[PDB]
Each structure stands twice: as structure tokens, then as C-alpha cells.
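As C-alpha cells, the structure follows; a few thoughts come after it.
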6 protein chains.
Amino acid sequence: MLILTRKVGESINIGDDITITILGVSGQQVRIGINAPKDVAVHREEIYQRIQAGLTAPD
Amino acid sequence: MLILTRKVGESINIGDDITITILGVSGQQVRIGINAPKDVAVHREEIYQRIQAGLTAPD
Amino acid sequence: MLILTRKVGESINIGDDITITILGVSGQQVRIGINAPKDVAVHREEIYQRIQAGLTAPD
Amino acid sequence: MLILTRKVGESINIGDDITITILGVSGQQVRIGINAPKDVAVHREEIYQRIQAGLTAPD
Amino acid sequence: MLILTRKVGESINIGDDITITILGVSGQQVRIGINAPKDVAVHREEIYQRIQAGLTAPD
Amino acid sequence: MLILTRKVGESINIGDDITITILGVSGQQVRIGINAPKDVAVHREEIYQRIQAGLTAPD
RNA sequence: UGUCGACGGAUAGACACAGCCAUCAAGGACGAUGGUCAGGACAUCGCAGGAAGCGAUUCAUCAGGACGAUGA
């Protein structure tokens with residue numbers, strides 16, 4: 001697992017299509033923005049396990 | 001962009017190969033884990049911007 | 001919208017004929033003064049809707 | 001002058017073209033929103049004095 | 001208006017004569033002790049309403 | 001002494017100028033509001049003991 | 001929560017305290033390093049999506065060209 005230490009306003013890049021930015025912080029919560037193409041899905045882990053429960057359709 | 005609040009210790013997922021976890025905050029700093037295969041390149045923008053310039057990690 | 005912050009007792013201007021004054025706060029209530037010629041109307045938005053209810057001809 | 005009270009988040013009007021809003025308080029401050037056509041000016045009293053010096057926000 | 005965060009068995013002082021002690025917690029109820037001179041009153045807010053209404057000093 | 005068992009969000013009173021409010025609990029910690037004039041001092045019993053060391057004034 | 005800035009046209013910003021804050025790190029490791037501890041303040045929390053998203057009232061009513069009037 002690759003650990004990185006960002007600060008408010010800084011960004012990560014993944015592959016050649018996806019970019020991530022930490023838009024700010026509000027105490028114990030962190031406001032993160034994801035900029036992936038609609039060709040790939042983006043979801044929280046609280047919901048990803050509902051997707052992979054056995055619903056939605058393949059590409 | 002797709003924006004979400006994550007509390008420290010919560011997780012986010014991208015595609016079917018990538019997972020992200022907020023490990024915690026330290027002021028206006030944010031410690032983040034990235035969990036993708038070595039099949040994908042994963043760096044902050046200041047790093048990314050050399051790589052696709054025509055190369056890989058210097059040495 | 002153009003937002004202005006104003007400490008109680010300070011002033012604002014509109015056009016070359018109108019002055020606005022914050023007079024004070026009392027609770028969540030805010031005493032505002034509006035100084036304009038009778039050439040223009042001044043009203044709360046809930047009263048302004050009456051001024052839009054007709055009045056296309058004088059008496 | 002025409003004086004009236006408004007609670008925070010409530011609305012107001014001037015003429016037949018201008019809307020005014022009390023956006024909230026912050027201590028002794030008040031956030032006041034103005035919504036007029038660019039056909040007319042709006043500034044703070046300390047700013048109005050620049051425009052009345054013979055200009056409108058120079059180059 | 002002060003706000004303190006006090007754990008069970010610890011104490012706080014007011015004026016030069018009044019001592020407060022957090023005696024402990026019982027779920028949502030909190031056991032509290034107050035030590036004041038006979039120069040002053042002390043009650044819960046329910047009972048306080050009897051005192052300052054123009055009372056405690058008869059005709 | 002005066003001893004009570006107060007639920008979170010309820011209030012207590014001292015003299016005719018002082019109000020106390022239990023803001024709520026967090027494990028053993030208890031967040032408490034104290035509302036008195038600057039006519040009186042208030043500190044936790046730790047800090048009070050530095051002041052009652054025979055001075056009631058720094059330095 | 002208070003204060004500041006802002007000729008700004010934005011339901012806007014910016015600063016500051018009860019845990020606060022900075023630096024290194026092409027690193028794939030839940031990475032490394034430094035220095036700092038209680039105030040007169042009810043400060044962190046919740047919902048969700050392809051959006052740099054969204055919500056979070058210690059006083060109140062009548063009203064009018066008057067820095068309006070009055071009170072629980």
C-alpha cells in the first residue's frame with residue numbers, strides 16, 4: 001500500500017486518467033474530490049459493498 | 001469532479017483495482033493510503049508531471 | 001449578488017441616489033435603514049409581491 | 001429614510017428591478033446581499049467616495 | 001461565557017468562594033456538587049425561577 | 001453541600017448572576033458551560049491553586 | 001464564535017482559540033521528521049454524488065420613507 005501525506009489543495013494522480021484533490025478538512029472529516037472518467041466507477045466503501053452485493057450490470 | 005466527506009479511517013473505491021483510505025489528519029495535513037496494483041502508476045502531481053514527460057523513476 | 005459585510009452603524013450606497021445603513025441587530029433580527037427618493041419604492045420581499053400584483057395603472 | 005427589521009435569511013426589494021437580502025450576522029457584523037442590474041452601482045460608503053471621485057473601478 | 005471539559009472527580013472554582021466538583025457520570029445523567037457561601041443562593045434552573053422573579057426579599 | 005444529578009442540556013444556577021449548563025458527556029469527560037460576568041473570576045481548580053498561592057494577581 | 005478585509009456584483013471571502021501546527025518523501029510502507037500544551041468561546045457533526053456538491057437560529061412582534069415603535 002502506497003501512503004502519501006497531502007495538505008489542503010494538493011493532488012494525487014492514478015494511471016493516466018484519474019486525478020484526486022483534497023479540497024479541505026473540517027475536523028475529523030476530510031473533503032476529497034475525485035476526477036475520474038465515467039468509464040470507471042467511483043464510490044465510497046460504505047456503498048461499494050452494496051454495489052457488489054449482487055446488483056448493477058456489467059460493462 | 002465527484003466530492004465526498006470521509007471521516008478518518010473510512011475508505012473509497014475507484015474502478016475494480018483501486019482503493020483509497022484516509023488514515024488521518026495532522027492539522028492541515030492528511031495522511032492517505034493508496035491500494036492499487038503496481039499495474040497502475042500512483043504519484044502526486046509534482047511527481048506525475050515528470051513521468052509522462054518521457055521517462056520513469058530516475059534511478 | 002454582491003455581498004458586503006457591515007458592522008452595526010456603518011453605511012452602504014446604491015446608484016447615486018440611495019444610501020443603506022445597518023442600524024443594529026437584536027436577536028436574529030436586523031434593523032436596516034433605506035434612504036432613497038420616493039421616485040423608487042422600498043419594501044420587504046413579502047410586501048414587494050403586492051407591488052407586483054397589479055398597479056399597472058394609477059388611481 | 002425608511003427603517004425596518006428583517007430576520008437573518010429574509011428578503012427585501014428596492015424600485016422594480018433590485019432585490020436585497022440579509023444573508024446573516026457574524027458578531028457585530030451583518031452579511032448583506034445586494035442584487036441589482038449592472039445598470040446601477042453598489043458599494044460601501046468608504047468605497048463610494050472613490051467612484052464619486054470621477055471613475056468606476058479603473059484599469 | 002466559558003466552556004470547560006472536566007472528567008469525573010475533578011473540580012472548578014468560581015469567584016473567590018464557590019467550588020464545583022464533577023462527582024461522576026450515570027449515562028446521560030451527571031452527578032454534580034456545588035459548594036458556596038451562605039452569602040449566595042444555589043439551585044437547579046427549575047427552582048431558580050422562584051428566586052430572581054422579584055422574590056427572595058418580601059415586603 | 002449542594003448535590004445534584006443533572007441530565008445533558010439542562011442548567012443550574014448560583015447567586016443571581018451565574019448560570020451553569022451541562023453541555024454533555026464524552027466517556028469520563030464532561031463538557032460544561034459557565035456563564036458569569038467578568039466581575040467574577042473562573043478557572044478549573046488546578047489553575048485556581050496557582051492564583052490562591054497568596055497573590056490573586058500574576059507576578 | 002468573534003474579528004478582519006473586499007470598488008467585491010460573488011447567498012461571496014480572509015483571520016484567530018478549548019489539540020495545535022510545519023517540513024521531507026517518483027514513496028507501493030497504514031513512510032519518515034520536528035516543536036508546542038486550557039479559556040471568558042456551547043466546534044465540530046450529519047446527508048449524499050460524477051457536482052472543487054449540500055445542511056447545521058441564546059429573544060421577539062407590529063409595520064413604514066421615520067436611524068420607526070413596543071414588549072413577554
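Residues in the C-alpha cells are numbered from 1 in each chain, the chains being A, B, ... in the order shown, and ligands are numbered from 1 in the order shown.
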Cut-off 9 Å: closest chain G/chain E atom pairs per residue, using only C-alpha atoms (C1' of nucleotides), as CSV:
residue,atom,partner,partner_atom,distance
G:18,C1',E:4,CA,7.4
G:38,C1',E:4,CA,8.0
G:39,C1',E:2,CA,6.5
G:40,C1',E:2,CA,4.9
G:41,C1',E:2,CA,6.3
G:42,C1',E:3,CA,7.0
| request: Skip residue 47 (chain A) itself and residues of its chain fewer than 4 positions away, then list as a ChimeraX atom specification all residues within 12 Å of it, counting only C-alpha atoms (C1' of nucleotides). | output: /A:41-43,51-53,55 /B:10-13 /G:48-49
Selected residues written out, N, CA and C atoms (P, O5', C5', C4', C3', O3' and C1' of nucleotides), as a PDB file, in the first residue's frame:
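Once everything was written out, this is selection_33.pdb:
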ATOM      1  N   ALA A  41     -16.061   3.525 -12.420  1.00  0.00           N
ATOM      2  CA  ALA A  41     -16.930   3.798 -11.290  1.00  0.00           C
ATOM      3  C   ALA A  41     -16.139   4.396 -10.131  1.00  0.00           C
ATOM      4  N   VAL A  42     -16.729   5.343  -9.395  1.00  0.00           N
ATOM      5  CA  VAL A  42     -16.162   5.832  -8.147  1.00  0.00           C
ATOM      6  C   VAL A  42     -17.227   5.834  -7.056  1.00  0.00           C
ATOM      7  N   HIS A  43     -16.941   5.191  -5.922  1.00  0.00           N
ATOM      8  CA  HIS A  43     -17.888   5.036  -4.829  1.00  0.00           C
ATOM      9  C   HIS A  43     -17.160   4.939  -3.496  1.00  0.00           C
ATOM     10  N   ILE A  51     -23.118  -2.240  -4.013  1.00  0.00           N
ATOM     11  CA  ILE A  51     -22.974  -2.451  -5.446  1.00  0.00           C
ATOM     12  C   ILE A  51     -22.612  -3.907  -5.713  1.00  0.00           C
ATOM     13  N   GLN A  52     -21.574  -4.390  -5.028  1.00  0.00           N
ATOM     14  CA  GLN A  52     -21.044  -5.730  -5.211  1.00  0.00           C
ATOM     15  C   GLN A  52     -21.851  -6.779  -4.450  1.00  0.00           C
ATOM     16  N   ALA A  53     -22.963  -6.378  -3.825  1.00  0.00           N
ATOM     17  CA  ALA A  53     -23.869  -7.308  -3.177  1.00  0.00           C
ATOM     18  C   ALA A  53     -24.542  -8.247  -4.177  1.00  0.00           C
ATOM     19  N   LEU A  55     -26.125  -6.475  -7.463  1.00  0.00           N
ATOM     20  CA  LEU A  55     -26.923  -5.593  -8.294  1.00  0.00           C
ATOM     21  C   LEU A  55     -26.011  -4.812  -9.240  1.00  0.00           C
TER      22      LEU A  55
ATOM     23  N   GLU B  10     -12.153   5.921   7.237  1.00  0.00           N
ATOM     24  CA  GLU B  10     -13.088   5.488   6.209  1.00  0.00           C
ATOM     25  C   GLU B  10     -12.406   5.337   4.849  1.00  0.00           C
ATOM     26  N   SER B  11     -13.075   4.663   3.907  1.00  0.00           N
ATOM     27  CA  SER B  11     -12.478   4.235   2.651  1.00  0.00           C
ATOM     28  C   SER B  11     -13.332   4.563   1.430  1.00  0.00           C
ATOM     29  N   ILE B  12     -12.671   4.645   0.272  1.00  0.00           N
ATOM     30  CA  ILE B  12     -13.218   4.992  -1.030  1.00  0.00           C
ATOM     31  C   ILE B  12     -12.651   4.024  -2.069  1.00  0.00           C
ATOM     32  N   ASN B  13     -13.379   3.764  -3.159  1.00  0.00           N
ATOM     33  CA  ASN B  13     -13.024   2.785  -4.174  1.00  0.00           C
ATOM     34  C   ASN B  13     -13.138   3.393  -5.572  1.00  0.00           C
TER      35      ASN B  13
ATOM     36  P     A G  48     -28.158   9.464   2.939  1.00  0.00           P
ATOM     37  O5'   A G  48     -28.188  10.329   1.582  1.00  0.00           O
ATOM     38  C5'   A G  48     -27.598   9.843   0.397  1.00  0.00           C
ATOM     39  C4'   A G  48     -27.217  11.010  -0.513  1.00  0.00           C
ATOM     40  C3'   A G  48     -26.354  10.504  -1.666  1.00  0.00           C
ATOM     41  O3'   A G  48     -27.076  10.569  -2.881  1.00  0.00           O
ATOM     42  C1'   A G  48     -25.211  12.182  -0.318  1.00  0.00           C
ATOM     43  P     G G  49     -26.602   9.778  -4.202  1.00  0.00           P
ATOM     44  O5'   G G  49     -25.644  10.831  -4.957  1.00  0.00           O
ATOM     45  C5'   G G  49     -26.156  12.036  -5.489  1.00  0.00           C
ATOM     46  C4'   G G  49     -25.045  12.929  -6.048  1.00  0.00           C
ATOM     47  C3'   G G  49     -24.639  12.526  -7.463  1.00  0.00           C
ATOM     48  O3'   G G  49     -24.287  13.681  -8.203  1.00  0.00           O
ATOM     49  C1'   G G  49     -22.898  12.061  -5.844  1.00  0.00           C
TER      50        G G  49
END
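If you lay chain B over chain D with a least-squares fit on the Cα atoms, the RMSD you get is 0.8 Å.
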| task | Find the residues around region 17-25 of chain B up to 8 Å (only C-alpha atoms (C1' of nucleotides) counted), leave out those fewer than 3 positions away in its own chain, and share them as a PyMOL selection string. | result | (chain A and resi 28) or (chain B and resi 6-14+28-37) or (chain G and resi 30)
For the residues selected in the previous step, produce a file with N, CA and C atoms (P, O5', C5', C4', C3', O3' and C1' of nucleotides) as a PDB file, in the first residue's frame.
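Listed below is the output, part.pdb:
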ATOM      1  N   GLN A  28     -12.593  16.055  12.043  1.00  0.00           N
ATOM      2  CA  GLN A  28     -12.324  14.639  11.854  1.00  0.00           C
ATOM      3  C   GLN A  28     -12.752  14.146  10.471  1.00  0.00           C
TER       4      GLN A  28
ATOM      5  N   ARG B   6     -15.109  12.080   3.971  1.00  0.00           N
ATOM      6  CA  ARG B   6     -14.686  10.875   4.665  1.00  0.00           C
ATOM      7  C   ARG B   6     -14.093  11.233   6.014  1.00  0.00           C
ATOM      8  N   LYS B   7     -14.605  10.584   7.059  1.00  0.00           N
ATOM      9  CA  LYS B   7     -14.003  10.676   8.379  1.00  0.00           C
ATOM     10  C   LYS B   7     -12.763   9.796   8.446  1.00  0.00           C
ATOM     11  N   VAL B   8     -11.815  10.147   9.320  1.00  0.00           N
ATOM     12  CA  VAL B   8     -10.566   9.407   9.414  1.00  0.00           C
ATOM     13  C   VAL B   8     -10.838   7.936   9.711  1.00  0.00           C
ATOM     14  N   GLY B   9     -10.224   7.056   8.919  1.00  0.00           N
ATOM     15  CA  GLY B   9     -10.433   5.618   8.986  1.00  0.00           C
ATOM     16  C   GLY B   9     -11.428   5.067   7.968  1.00  0.00           C
ATOM     17  N   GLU B  10     -12.153   5.921   7.237  1.00  0.00           N
ATOM     18  CA  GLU B  10     -13.088   5.488   6.209  1.00  0.00           C
ATOM     19  C   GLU B  10     -12.406   5.337   4.849  1.00  0.00           C
ATOM     20  N   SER B  11     -13.075   4.663   3.907  1.00  0.00           N
ATOM     21  CA  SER B  11     -12.478   4.235   2.651  1.00  0.00           C
ATOM     22  C   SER B  11     -13.332   4.563   1.430  1.00  0.00           C
ATOM     23  N   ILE B  12     -12.671   4.645   0.272  1.00  0.00           N
ATOM     24  CA  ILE B  12     -13.218   4.992  -1.030  1.00  0.00           C
ATOM     25  C   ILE B  12     -12.651   4.024  -2.069  1.00  0.00           C
ATOM     26  N   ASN B  13     -13.379   3.764  -3.159  1.00  0.00           N
ATOM     27  CA  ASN B  13     -13.024   2.785  -4.174  1.00  0.00           C
ATOM     28  C   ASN B  13     -13.138   3.393  -5.572  1.00  0.00           C
ATOM     29  N   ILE B  14     -12.209   3.032  -6.463  1.00  0.00           N
ATOM     30  CA  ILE B  14     -12.165   3.512  -7.837  1.00  0.00           C
ATOM     31  C   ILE B  14     -11.967   2.330  -8.781  1.00  0.00           C
ATOM     32  N   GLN B  28      -3.519  20.726   8.919  1.00  0.00           N
ATOM     33  CA  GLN B  28      -3.984  20.875   7.552  1.00  0.00           C
ATOM     34  C   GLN B  28      -3.295  19.869   6.636  1.00  0.00           C
ATOM     35  N   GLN B  29      -2.619  18.888   7.241  1.00  0.00           N
ATOM     36  CA  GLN B  29      -2.072  17.738   6.549  1.00  0.00           C
ATOM     37  C   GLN B  29      -2.994  16.533   6.696  1.00  0.00           C
ATOM     38  N   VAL B  30      -2.888  15.606   5.744  1.00  0.00           N
ATOM     39  CA  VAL B  30      -3.810  14.497   5.566  1.00  0.00           C
ATOM     40  C   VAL B  30      -3.025  13.272   5.107  1.00  0.00           C
ATOM     41  N   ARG B  31      -2.941  12.251   5.965  1.00  0.00           N
ATOM     42  CA  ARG B  31      -2.242  11.002   5.704  1.00  0.00           C
ATOM     43  C   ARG B  31      -3.189  10.022   5.022  1.00  0.00           C
ATOM     44  N   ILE B  32      -2.842   9.595   3.804  1.00  0.00           N
ATOM     45  CA  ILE B  32      -3.716   8.836   2.924  1.00  0.00           C
ATOM     46  C   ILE B  32      -3.013   7.566   2.462  1.00  0.00           C
ATOM     47  N   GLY B  33      -3.705   6.427   2.527  1.00  0.00           N
ATOM     48  CA  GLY B  33      -3.254   5.182   1.930  1.00  0.00           C
ATOM     49  C   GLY B  33      -3.868   4.970   0.553  1.00  0.00           C
ATOM     50  N   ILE B  34      -3.054   4.495  -0.392  1.00  0.00           N
ATOM     51  CA  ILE B  34      -3.498   4.112  -1.721  1.00  0.00           C
ATOM     52  C   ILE B  34      -3.174   2.645  -1.957  1.00  0.00           C
ATOM     53  N   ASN B  35      -4.170   1.935  -2.480  1.00  0.00           N
ATOM     54  CA  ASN B  35      -4.176   0.487  -2.559  1.00  0.00           C
ATOM     55  C   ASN B  35      -4.600   0.059  -3.958  1.00  0.00           C
ATOM     56  N   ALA B  36      -3.641   0.186  -4.876  1.00  0.00           N
ATOM     57  CA  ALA B  36      -3.760  -0.221  -6.264  1.00  0.00           C
ATOM     58  C   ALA B  36      -2.637  -1.190  -6.614  1.00  0.00           C
ATOM     59  N   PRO B  37      -2.816  -2.017  -7.650  1.00  0.00           N
ATOM     60  CA  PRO B  37      -1.737  -2.813  -8.195  1.00  0.00           C
ATOM     61  C   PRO B  37      -0.603  -1.930  -8.705  1.00  0.00           C
TER      62      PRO B  37
ATOM     63  P     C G  30       1.712  -1.603   4.136  1.00  0.00           P
ATOM     64  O5'   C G  30       1.096  -0.236   4.712  1.00  0.00           O
ATOM     65  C5'   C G  30       1.149   0.058   6.091  1.00  0.00           C
ATOM     66  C4'   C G  30       0.795   1.531   6.283  1.00  0.00           C
ATOM     67  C3'   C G  30       1.086   2.002   7.703  1.00  0.00           C
ATOM     68  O3'   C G  30       1.335   3.393   7.673  1.00  0.00           O
ATOM     69  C1'   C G  30      -1.218   2.025   7.278  1.00  0.00           C
TER      70        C G  30
END
| request: Name the closest residue to chain D among the candidates C:44, C:26, C:54, C:59; distances are taken between atoms, counting only C-alpha atoms. | output: C:44
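Scanning chain F with DSSP on the backbone, the strand (DSSP E) assignments fall on residues 2, 3, 4, 5, 6, 7, 11, 12, 13, 14, 18, 19, 20, 21, 22, 23, 24, 25, 26, 29, 30, 31, 32, 33, 34, 35, 42, 43 and 44 of chain F.
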With C-alpha atoms retained, write the just-selected residues as a compact mmCIF listing (two decimals), in the first residue's frame.
# COMPACT_ATOMS: atom_id res chain seq x y z
CA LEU F 2 -25.48 21.01 47.40
CA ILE F 3 -25.52 17.81 45.32
CA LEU F 4 -27.43 17.13 42.08
CA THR F 5 -27.83 14.65 39.22
CA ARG F 6 -28.31 16.67 36.01
CA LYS F 7 -29.04 15.37 32.51
CA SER F 11 -29.00 24.01 33.66
CA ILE F 12 -28.12 25.04 37.25
CA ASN F 13 -27.80 28.49 38.89
CA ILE F 14 -25.64 30.23 41.51
CA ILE F 18 -24.25 32.94 37.44
CA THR F 19 -25.60 30.12 35.27
CA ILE F 20 -24.13 26.63 34.72
CA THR F 21 -25.09 24.26 31.88
CA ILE F 22 -24.09 20.63 31.31
CA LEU F 23 -23.37 20.71 27.56
CA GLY F 24 -22.90 16.92 27.52
CA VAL F 25 -20.73 13.85 28.22
CA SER F 26 -17.90 12.01 26.45
CA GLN F 29 -15.08 13.80 30.23
CA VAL F 30 -17.96 16.23 30.78
CA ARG F 31 -18.34 19.44 28.76
CA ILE F 32 -19.69 22.23 30.98
CA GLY F 33 -20.69 25.84 30.24
CA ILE F 34 -20.15 28.56 32.87
CA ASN F 35 -21.85 31.93 32.42
CA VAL F 42 -13.48 31.43 36.95
CA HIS F 43 -10.86 28.73 36.32
CA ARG F 44 -10.54 24.98 36.87
| helix (DSSP H, G or I) call set, DSSP backbone run, region 5-58 of chain B, as a PyMOL selection string | chain B and resi 45-51
Using only C-alpha atoms (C1' of nucleotides), which protein or nucleic acid residues come within 12 Å of residue 24 (chain G)? Drop anything in the same chain fewer than 3 positions from it, and give the result as a PDB file with C-alpha atoms (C1' of nucleotides), in the first residue's frame.
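Saved the output as part_1.pdb:
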ATOM      1  CA  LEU A   4       1.211   9.736   0.954  1.00  0.00           C
ATOM      2  CA  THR A   5       0.799  12.883   3.083  1.00  0.00           C
TER       3      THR A   5
ATOM      4  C1'   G G  27       7.380   6.589  -1.830  1.00  0.00           C
ATOM      5  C1'   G G  31       6.555   6.177   5.043  1.00  0.00           C
ATOM      6  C1'   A G  32       9.640   9.423   7.995  1.00  0.00           C
ATOM      7  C1'   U G  33      10.982  14.107  10.944  1.00  0.00           C
ATOM      8  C1'   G G  34      10.324  18.494  14.269  1.00  0.00           C
TER       9        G G  34
END
| request: Take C1' of residue 65 (chain G) and CA of residue 16 (chain D) and report the distance between them in Å, one decimal. | output: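 Interatomic distance here is 16.2 Å.
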| query | Quick one: of A:50, A:38, A:15, A:27, who's nearest to chain B, counting only C-alpha atoms? | reply |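 Of A:50, A:38, A:15, A:27, the one nearest chain B, counting only C-alpha atoms, is A:15.
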| query | What is the CA of residue 48 (chain C) to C1' of residue 9 (chain G) distance in Å? | reply |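 Going from CA of residue 48 (chain C) over to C1' of residue 9 (chain G), I get 22.0 Å.
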